[PDB]
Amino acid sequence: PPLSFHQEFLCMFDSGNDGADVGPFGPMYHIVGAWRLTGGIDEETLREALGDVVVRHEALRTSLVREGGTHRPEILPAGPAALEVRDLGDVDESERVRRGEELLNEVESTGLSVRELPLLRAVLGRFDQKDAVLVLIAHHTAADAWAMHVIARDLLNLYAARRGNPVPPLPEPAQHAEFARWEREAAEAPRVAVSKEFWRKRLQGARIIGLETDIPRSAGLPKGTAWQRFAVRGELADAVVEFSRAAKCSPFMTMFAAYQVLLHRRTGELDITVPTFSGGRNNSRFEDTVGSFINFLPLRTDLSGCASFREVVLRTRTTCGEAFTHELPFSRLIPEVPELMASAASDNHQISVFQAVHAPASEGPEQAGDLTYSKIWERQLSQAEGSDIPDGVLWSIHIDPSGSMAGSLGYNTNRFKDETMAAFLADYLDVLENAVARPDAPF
């Protein structure tokens, strides 16, 4: 298979081939998922299920190897089924949550090479016979967040069937290579021309907003990515969810709008372009498919003349609607507007991305056979050296149906001080709070 458009996007953010094993085709560019498991576990059989999962999805066997400047995919035969198990200790709940977070951090702090199998690893942390945390980590070229939920769903299903516990049959998945074919086929349609023309004009003169770094690029400090984690307080999250319902906008639009307000106060800019990642899974043929589908999507909003936070949210809604309506794979949009990324590689600025995690919606614990499992979203333990961000700043929020929000601000430690970002995050939460408290107040 060829690289997908998303993997082509990542190539733009590659490190080149000069010494250091970093960036998105390096071993720190991974994604984790943690699930709380209730019920007795047969570790042997779970390990076998993990083998089944990797056999099932080609993307989890598709290494990427350096091939003269670029990266070549190669689908490999599944390697040995492997599972690490740790006894975390039979302790009180709050200590279980803590030791669980520490395990997640530890796993995310370790490398996982894309150049050879495995591309997925699993660590099971058992508290007692009937309570555990299951941690999956996958190279982020192979899996996005949605794909991690597919992997978990499949895994626990295949485990149950091996145990002889009744479970519904799994659908036959499409493979990511079939998606890769399809997106390229799709990108030759007449519709695409109209969309390229829409973008060429919409983004004329546009520059993704750059944030001034504390440490310049040319300092050459070693690449690292830190993650400051937070949960939106319940009263605040309720306010956001309620405001959004009444405004007829999504909670994402409201949070993004607050970010635009924050960038205005810090940069003075009124013409604000900020990329998000869309989920990139509008084609439901691929909902059972493991792969990384997400798509870099520039959102340009003109804030000039806004008389209130409500107006900001409404312009944002307009921007997102047209953006999703005309969405292109970014590696087929960027040629039309090549100066859009100027501040990305500048010596004293980096771009930021503001996203909502795209994941299957679940109300509460799920069941597969004799196990109950639920996803862990809220991590409050921050992390000094975790999953790689190729070259920038990432805001990432997961918005639960329940209304609760788990977020991260990730940044490169070779470019930003920890205290700078802590202040940035605190500013963001303060802007968000005043905004929804007083959405119609004048500026």
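Numbering starts at 1 and follows the sequence shown.
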query	finding
Given 295-303 and 192-200, the range whose Cα B-factors average higher in the PDB entry	192-200
Greater mean Cα temperature factor according to the PDB record, 256-264 or 209-217	209-217
Member of 58, 43, 67, 52 with the greatest C-alpha B factor (per the PDB record)	67
Candidate set 352, 244, 346, 109 [ranked by C-alpha B-factor, highest]	346
Chain third (lowest, middle, highest) by recorded CA B-factor, residue given as residue 229	lowest
Record-listed C-alpha B factor of residue 321: chain third	lowest
Position of residue 30 among the chain's modelled residues by C-alpha B-factor, lowest, middle or highest third	lowest
Lowest, middle or highest third - CA B-factor, residue 422	middle
Relative C-alpha B-factor of residue 413, binned into the chain's lowest, middle or highest third	lowest
